[PDB]
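For reference, the structure discussed in these notes is given below.
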4 protein chains.
Amino acid sequence: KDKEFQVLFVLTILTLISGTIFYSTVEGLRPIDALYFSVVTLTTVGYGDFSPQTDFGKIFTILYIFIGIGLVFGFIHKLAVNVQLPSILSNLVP
Amino acid sequence: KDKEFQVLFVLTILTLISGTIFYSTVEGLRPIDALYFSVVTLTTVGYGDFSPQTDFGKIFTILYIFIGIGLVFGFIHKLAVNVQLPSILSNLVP
Amino acid sequence: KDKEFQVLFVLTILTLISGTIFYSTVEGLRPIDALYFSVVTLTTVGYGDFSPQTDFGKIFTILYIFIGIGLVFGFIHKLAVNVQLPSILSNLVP
Amino acid sequence: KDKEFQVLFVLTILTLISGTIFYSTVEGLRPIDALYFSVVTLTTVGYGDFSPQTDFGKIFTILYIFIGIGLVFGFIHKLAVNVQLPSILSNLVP
Ligand SMILES: [K+]
Ligand SMILES: [K+]
Ligand SMILES: [Tl+]
Ligand SMILES: [Tl+]
Ligand SMILES: [Tl+]
Ligand SMILES: [Tl+]
Ligand SMILES: [Tl+]
Ligand SMILES: [Tl+]
Ligand SMILES: [Tl+]
Ligand SMILES: [Tl+]
Ligand SMILES: [Tl+]
Ligand SMILES: [Tl+]
Ligand SMILES: [Tl+]
Ligand SMILES: [Tl+]
């Protein structure tokens with residue numbers, strides 16, 4: 001639980017590393033924009049201020065979403081259950 | 001349940017207060033636009049009519065999403081289960 | 001189950017009726033655009049091809065999302081479980 | 001489980017085939033853009049770089065979302081549980 005959250009954290013980090021490199025290189029975004037876009041994509045926000053322009057970028061984004069969404073939201077949840085909720089409940093009492 | 005919903009309500013309010021101040025100040029949005037954007041972000045709608053323009057805004061938005069999504073949707077759900085569904089079911093019968 | 005799906009269906013319909021009237025009137029959208037926008041909003045797609053321009057539209061959209069998201073996705077799910085999955089499984093065998 | 005994932009995979013594929021043909025034809029998108037848009041829609045990302053322009057496209061998109069969202073996310077999850085998580089856990093040990 002405290003130990004499992006560390007697994008999803010690495011996996012998420014690795015997923016975002018992959019998107020940051022792909023979109024910097026193929027779509028030509030600055031690395032910070034590429035990471036931002038990767039996060040905005042896999043959390044399903046999708047502002048569209050960055051969006052792939054090339055057919056290679058679109059095909060990767062299809063695959064990137066299907067693979068990553070399940071992971072990322074897995075991490076958000078465990079962060080919610082096993083890391084966020086404790087601190088909350090511990091602040092309720094002295 | 002009636003008591004827990006009040007916890008998530010405050011926490012959500014505090015999360016949206018934080019986004020409203022950050023985006024008003026760093027991204028220069030009117031306070032109402034900043035709150036609207038914060039809500040549109042953390043519910044994962046993401047119209048993109050407002051989107052951060054500065055690197056500081058993008059880095060904060062990455063962190064803001066990961067922290068807040070789990071909270072907000074937690075509140076939507078409890079609102080659904082413990083506050084919305086009762087009124088519905090009570091209207092079914094006299 | 002077959003009976004409960006009918007409840008969420010009406011409630012969803014009523015939620016979308018409300019958005020269709022509000023956005024037609026306050027934001028000035030054609031009624032079909034207003035319904036489309038209401039659906040695109042409460043399912044959290046959020047293309048942003050329509051987005052509220054007035055402060056009244058933004059305040060309503062904040063409230064509309066928090067109230068409706070929980071409902072709508074409730075209906076999508078029951079449609080998935082109690083109406084979509086049966087037909088699927090019945091087609092598996094003669 | 002290994003067998004059920006194959007069911008959702010076909011159904012998802014068929015759902016995306018339908019969107020690819022509809023949006024190519026009615027909205028006039030290149031087939032690759034149409035598939036990309038279908039995926040970006042049903043995963044609720046919604047960049048809005050493509051969005052339907054015709055009333056027929058908007059009405060279909062309303063129905064397409066309500067029908068498909070439940071399916072697609074069903075597939076993402078099973079992919080997460082029954083296909084993604086194993087490989088993860090098997091890499092943990094030799
Ligand atoms: K946009
Ligand atoms: K735009
Ligand atoms: Tl945008
Ligand atoms: Tl941009
Ligand atoms: Tl979304
Ligand atoms: Tl979006
Ligand atoms: Tl937009
Ligand atoms: Tl704006
Ligand atoms: Tl958008
Ligand atoms: Tl747009
Ligand atoms: Tl428009
Ligand atoms: Tl979205
Ligand atoms: Tl866009
Ligand atoms: Tl386009």
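So that the names make sense, note that chain A is the first sequence line, chain B the second, and so on, each numbered from 1.
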Closest heavy-atom pair and its distance - [X], [Y]:
X     : Y     : value
A/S24 : A/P31 : CB-CA, 4.5 Å
D/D49 : A/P52 : OD2-O, 4.4 Å
B/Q84 : B/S87 : O-OG, 2.8 Å
B/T61 : B/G57 : OG1-O, 2.8 Å

Mind jotting down which residue pairs meet the salt bridge (charged side-chain N to carboxylate O under 4.0 Å, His left out) criterion with at least one end in residues 7-31 of chain B? Sequence neighbours excluded, please. B/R30-B/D33, B/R30-C/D55
Atom [atom1] in [X], atom [atom2] in [Y]: separation rounded to 0.5 Å?
X     : Y     : atom1 : atom2 : result
B/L42 : B/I67 : CG    : CD1   : 9.5 Å
D/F66 : C/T12 : CZ    : OG1   : 6.0 Å
B/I76 : B/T43 : CD1   : OG1   : 6.5 Å
C/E4  : C/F9  : CD    : CZ    : 14.5 Å
A/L8  : A/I13 : CG    : CD1   : 11.0 Å
A/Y36 : B/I59 : OH    : CD1   : 11.5 Å

Below 30° counts as parallel, above 60° as perpendicular, anything between as tilted: where do the rings of B/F60 and B/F22 land? parallel
Less than 4.5 Å apart, any side-chain heavy atom of C/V40 and any of C/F50? no
Contact check, side chains of D/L11 and D/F75, non-hydrogen atoms, under 4.5 Å: no
Can you list everything that forms a side-chain hydrogen bond (donor to acceptor under 3.5 Å, both in side chains) with D/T41? Sequence neighbours excluded, please. C/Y47
D/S18 (side chain) donor-acceptor with D/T15 (main chain) under 3.5 angstrom: no
Can you name the residues that form a side-chain contact (heavy atoms from CB on, under 4.5 Å) with B/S38, not counting sequence neighbours? B/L16, B/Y23, B/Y64
